[PDB]
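J.: Using only what follows, build the 3D model:
(one chain, ligands or ions: 2)
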Amino acid sequence: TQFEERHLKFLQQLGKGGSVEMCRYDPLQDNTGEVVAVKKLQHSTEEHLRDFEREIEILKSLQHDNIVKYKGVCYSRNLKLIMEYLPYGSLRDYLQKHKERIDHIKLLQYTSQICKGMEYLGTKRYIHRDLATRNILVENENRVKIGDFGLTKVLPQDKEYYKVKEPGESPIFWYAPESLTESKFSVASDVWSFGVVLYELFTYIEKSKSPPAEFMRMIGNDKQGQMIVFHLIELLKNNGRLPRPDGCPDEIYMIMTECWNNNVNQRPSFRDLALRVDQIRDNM
Ligand SMILES: O=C1Nc2ccccc2-c2ccnc3[nH]cc(c23)[C@@H]1c1ccc(O)cc1
Ligand code: NA
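T.: Numbering: from 1, shown residues only. Ligands and ions are numbered 1, 2, ... in the order given. Shown next is the protein structure:
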């Protein structure tokens, strides 16, 4: 069933980078309609349209408790992607506001759910590419979901990585070394980014400890532009890593270091991450 553009009412702009708005779908014109999240393109080049339609088919083929829900598309191309609205916003903002009132056991609940959504995504041969707490959404106290599939690629049939020929804006401080050097993305590079997510969680989003702040201090704050990427590559090749966060249990920190292995084949799988984190949880 269809969404008519005429009945989509604007409420609030939520974020940009396309843009995401809060709308009410109100066919009845008496404001009783469902509140939804709407993504639309702000600069609608032919390349971007075709990227956006691929994003739409990716989100639509996904159905999992820990993946943001597709609801439909509104036509008039200038497509709008209609999705569920998650009112607690991104995990990053949520953790920031509610800091250490979220205990380690709760952090591990979210980490488990992140690994399950990621493992399900991999069974369809999708590489998220932008796994980070700002792209995880909170449905309620007991559930998060993976969002913004903006950067997601499908693996070729005959290959286990996808090579991005002309990169756009890239979250380098979450990127595996092979992604930095050769622009190669794989299930294993998602696992590397997951390690950085787990770091984010255990720092409680303290600004002076964010991945960009720490890596910049390690390479020196005088590095600029593409010299940053050059020094970050050398640093990672020589075992420079993010530190253990204040108060982080030793075993969760081991998992982070394991995901940050230079050797792609030695990084753990999301299936084994979810098993291990559920084991830590039960122990606690
Ligand atoms: O994950 C999203 N994050 C953002 C980013 C910026 C502004 C708002 C949101 C957001 C906020 C609240 N509910 C949402 N549902 C889906 C999205 C979203 C979002 C969304 C966008 C594209 C997509 O493929 C899947 C989800
Ligand atoms: Na609109």
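
J.: what residues are up against the residue of the stretch 101-250 of the chain at minimum distance from ligand 1?
T.: The minimum distance from the stretch 101-250 of the chain to ligand 1, using C-beta to the nearest ligand atom, falls at residue 147 (2.3 Å). Using the backbone N, CA and C atoms, a C-beta is placed for each residue, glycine as well. By C-beta atoms under 8 Å, 6 or more residues apart in numbering, residue 147 lies in contact with 68, 86, 90, 135-137.

J.: one more time with 6 Å, if that's ok
T.: The contact partners of residue 147, taken as C-beta atoms under 6 Å, 6 or more residues apart in numbering, are 68, 135, 137.

J.: From residue 41, how far off is residue 7?
T.: 20 Å (C-beta to C-beta, to the nearest Å).

J.: swap in residue 113?
T.: 30 Å.

J.: cool, and residue 97?
T.: Computed with C-beta to C-beta, the distance linking residue 97 and residue 41 is 30 Å.

J.: Near ligand 1, which residues of the protein are found?
T.: 14-15, 20, 37, 39, 55, 59, 68, 83-86, 89, 135, 137, 147-150 (C-beta under 6 Å from any ligand atom).

J.: Sitting in helices, which of those residues do you find?
T.: Counting by DSSP state H, the residues of the chain next to ligand 1 place 55, 59 in helices.

J.: Residue 192 looks like it's in a helix, true?
T.: Yes - with DSSP: H, G, I helix; E, B strand; the rest coil as the criterion, residue 192 is part of a helix.

J.: Residue 16 bridge partners, please.
T.: Legend: beta-bridge partners of residue 16 under DSSP bridges are residue 19.

J.: who's more crowded, residue 113 and residue 41?
T.: Neighbour count, other C-beta atoms under 10 Å: between residue 113 and residue 41, residue 113 has more, with 22 against 17.

J.: My guess is the more buried one contacts residue 144. True?
T.: Yes - using C-beta atoms under 6 Å, residue 113 is in contact with residue 144, at 5.5 Å.

J.: And the strands in the stretch 51-200 of the chain?
T.: With strands called from DSSP state E, counting those that start in this stretch, the stretch 51-200 of the chain shows them at 70-74, 80-84, 126-127, 136-140, 143-146, 153-154, 161-163, 184-186.

J.: Show me what counts as buried in the top helix by length along the chain.
T.: For the chain, the longest helix by residue count, based on DSSP H, is helix 104-123. Judged by neighbour count using 16 or more other C-beta atoms under 10 Å, the buried positions of helix 104-123 are 104, 106-122.

J.: Please apply the same query to stretch 9-29.
T.: Quick answer for stretch 9-29 (16+ other C-beta under 10 Å): 18, 20-25.

J.: which two in the residues you listed are spaced the farthest apart?
T.: Farthest-apart pair in the buried residues of stretch 9-29 is 18 and 24; separation 19.8 Å (C-beta to C-beta).

J.: This protein - how does it break down into domains?
T.: With domains defined by curated CATH domains, the chain comprises 1-85, 86-282.

J.: From one end of the shortest one to the other, what's the distance?
T.: As for domain 1-85, its first-to-last residue distance stands at 19 Å under the measure C-alpha to C-alpha, to the nearest Å.

J.: again with stretch 163-181
T.: End-to-end distance of stretch 163-181 (C-alpha to C-alpha): 11 Å.
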